[PDB]
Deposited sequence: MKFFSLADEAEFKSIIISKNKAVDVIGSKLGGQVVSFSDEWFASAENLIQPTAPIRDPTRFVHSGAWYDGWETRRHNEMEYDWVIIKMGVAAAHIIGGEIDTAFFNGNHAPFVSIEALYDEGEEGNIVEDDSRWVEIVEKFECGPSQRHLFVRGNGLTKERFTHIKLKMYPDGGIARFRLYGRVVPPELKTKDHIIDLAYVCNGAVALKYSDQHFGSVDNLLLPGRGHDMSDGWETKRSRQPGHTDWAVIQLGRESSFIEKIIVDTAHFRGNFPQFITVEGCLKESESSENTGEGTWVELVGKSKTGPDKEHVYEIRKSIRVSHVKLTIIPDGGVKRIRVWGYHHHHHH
């Protein structure tokens, strides 16, 4: 289990995103749910998986009562996705300076069907991340020493020895997919690179639903340089052959949506235009019928000159 410091978050993201095409599979934004837990006295376990960063001044996180008599506190979380292989994750103890979780370990298990709610007592649990030490009010970026778990997993269990507080818990993993949305996160797609993110993130583009407001989308500052543009490179969770339609949803972007957009395709060198410059409108699902055969592995959305987009869909085989 190698650790990373804020100083090298760049490298950490590289090991996680670019090299292992993984995502925070327990995040609520994508479907993650809290199945159970041992205690939740000062702050709810649900706080652990929210998309927003921890706020202060009540605590934004999971804090249990004091003096646990059990060897550890715990929580069981079900991935939003069908299953995935784990590479690493984050444990943020933000604003918990002292009463933070002293040590933490993670376990996983695979449950064929939604037969019921998993119990912490289940015999299928398996250690995914050996016990390690946490520091106060900080982020712990960690990767498994051997990398991607060779087994598939559906539920994960966080353990805090013996109790305390954790602000956020992120667990990155390679989605094991179930005509389909090739750029859908639940199908294995992930956001790779991007010009910039002001609010929201490029990985919001590959999510379920149209969202609730502009916060769950991808937005970029108001630029001024001529010929300026913004872009996001998504790696479809499965190389295409036939792309029927590409959808660019600007839902909730009413006064800051892009002026034009263009989509391109690349195969694991040259980029090919799939949807040339197209004037876009506010809060709409602009649908582009491609009906073309191409072997693309990556898609690139370009916002011009900048703006906000909620989602991008790429239906095909």
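Peer 1: How would you write out the unmodelled ranges of the deposited sequence, numbered from 1?
Peer 2: Several regions go unmodelled: 58-66, 188-194, 285-294, 344-349.
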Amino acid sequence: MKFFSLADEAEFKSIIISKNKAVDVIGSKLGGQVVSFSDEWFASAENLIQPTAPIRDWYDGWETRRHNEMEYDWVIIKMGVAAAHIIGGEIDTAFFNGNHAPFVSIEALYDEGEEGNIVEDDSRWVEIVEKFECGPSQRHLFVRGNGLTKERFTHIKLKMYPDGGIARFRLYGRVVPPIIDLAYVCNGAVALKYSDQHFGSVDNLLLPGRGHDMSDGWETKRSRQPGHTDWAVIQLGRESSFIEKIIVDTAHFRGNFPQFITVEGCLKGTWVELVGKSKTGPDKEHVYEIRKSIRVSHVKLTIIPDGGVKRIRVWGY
From here on, numbers count along this sequence of modelled residues.
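Peer 1: Using only the Cα atoms and their B-factors as the entry lists them, report which of 11-19 and 301-309 averages higher.
Peer 2: For C-alpha atoms only, the mean B-factor is higher in 11-19.
Peer 1: Please work out which of 84-92 and 194-202 has the higher mean CA B-factor as recorded in the PDB entry.
Peer 2: Result of the comparison: 194-202.
Peer 1: According to the Cα B-factor stored in this entry, which of the following is highest: 163, 244, 216, 107?
Peer 2: Max CA B-factor in the entry, restricted to 163, 244, 216, 107: 244.
Peer 1: Among 30, 35, 267, 45, where is the Cα B factor highest in this entry?
Peer 2: Reading the PDB entry, the winner on C-alpha B-factor is 267.
Peer 1: Would you check the entry's CA temperature factor for residue 188 and let me know if it's in the chain's lowest, middle or highest third?
Peer 2: Residue 188: CA B-factor falls in the lowest third of its chain.
Peer 1: Residue 64: which third of its chain by C-alpha temperature factor?
Peer 2: Lowest third of the chain for residue 64's C-alpha B-factor.
Peer 1: Grab the CA temperature factor for residue 260 from the record and place it in the lowest, middle or highest third of its chain.
Peer 2: Answer is lowest: the recorded C-alpha B-factor places it there.
Peer 1: Is residue 168 in the lowest, middle or highest third of its chain when residues are ranked by C-alpha B-factor?
Peer 2: Within its chain, residue 168 is a lowest-third residue by C-alpha B-factor, going by the deposited values.
Peer 1: Going by what the PDB entry lists, where does residue 26 fall on CA B-factor within its chain: lowest, middle or highest third?
Peer 2: Lowest third - that is where residue 26 ends up once the chain's C-alpha B-factors are sorted.
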